[PDB]
Novice: 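Below is the structure I would like to discuss, written out as structure tokens.
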Amino acid sequence: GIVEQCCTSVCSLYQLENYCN
Amino acid sequence: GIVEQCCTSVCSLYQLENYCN
Amino acid sequence: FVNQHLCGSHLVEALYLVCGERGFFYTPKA
Amino acid sequence: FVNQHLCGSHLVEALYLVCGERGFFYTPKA
């Protein structure tokens, strides 16, 4: 999930926007 | 929603916890 | 920190601290 | 600010800025 993708690894805008409503 | 209850008005723990997963 | 007007990043920050490992949803349009 | 390791409040803060009026969900267990 977000932690694995953005905290444990380097985040991206593409991925961040998958969590916007 | 949360803005009306916690920003436009004074928030509460009770209300805040309604937005926890 | 909770029993006040909380807007924007301040609100998001209160949700983060209260909800902890649960996480939360921030739905300002809903 | 997005293209880095973002944890905890830092992550929550990036979601807040990127998502804007949409808001977001922060699901650290999922």
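Here is how names work: the chains are called A, B, and so on, in the same order as the sequence lines, proteins then strands, and each is numbered from 1.
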Novice: Looking at every heavy atom in both B:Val10 and C:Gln4, which two are closest together, and how far apart are they?
Specialist: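 Closest heavy-atom pair between B:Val10 and C:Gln4: CG1-N, 3.6 Å.
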Novice: Once salt bridge (charged side-chain N to carboxylate O under 4.0 Å, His left out) is applied, what residue pairs with a partner in residues 10-21 of chain B remain, sequence neighbours excluded?
Specialist: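 Listed once each, the pairs are B:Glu17-C:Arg22.
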Novice: Test your reading of the model: is there a side-chain donor-acceptor pair from B:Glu4 to the backbone of B:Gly1, 3.5 Å cut-off?
Specialist: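 Judged by distance alone, yes, a pair lies under 3.5 Å.
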Novice: Below 3.5 Å, can you tabulate the donor-acceptor pairs from side chains in residues 10-19 of chain D to any protein atom, sequence neighbours excluded?
Specialist:
| residue | atom | partner | partner atom | Å |
| --- | --- | --- | --- | --- |
| D:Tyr16 | OH | C:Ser9 | N | 3.4 |

Novice: Which value, rounded to the nearest 0.5 Å, describes the distance between B:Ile2 atom CD1 and C:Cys7 atom SG?
Specialist: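 Rounded to the nearest 0.5 Å, the CD1-SG separation comes out at 10.5 Å.
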Novice: Rounded to the nearest 0.5 Å, how far apart are CG of C:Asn3 and CD of B:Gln15?
Specialist: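 If we round to the nearest 0.5 Å, C:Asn3:CG and B:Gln15:CD are 10.5 Å apart.
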Novice: Give me the atom names and distance for the closest heavy-atom approach of C:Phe25 to B:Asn18.
Specialist: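 For C:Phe25 versus B:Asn18, the nearest heavy atoms are CZ-O, 3.6 Å.
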Novice: Indicate the atoms forming the closest heavy-atom contact of A:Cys11 with A:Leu16, along with that distance.
Specialist: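 Looking at all heavy atoms of both residues, the closest pair is SG-CD1, 3.8 Å.
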Novice: By ring pair (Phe, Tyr, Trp, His ring centres under 6.0 Å), which residues pair with C:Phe24, not counting sequence neighbours?
Specialist: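 By the ring pair (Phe, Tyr, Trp, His ring centres under 6.0 Å) rule, C:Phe24 matches D:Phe24, D:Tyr26.
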Novice: Which residues satisfy the side chain to side chain donor-acceptor pair (under 3.5 Å) test with C:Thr27, sequence neighbours excluded?
Specialist: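 By the side chain to side chain donor-acceptor pair (under 3.5 Å) rule, C:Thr27 matches no residue at all.
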Novice: Return the minimal non-hydrogen interatomic distance between C:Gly20 and D:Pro28, and the atom names on each side.
Specialist: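 Shortest heavy-atom contact: O-CG, 4.4 Å.
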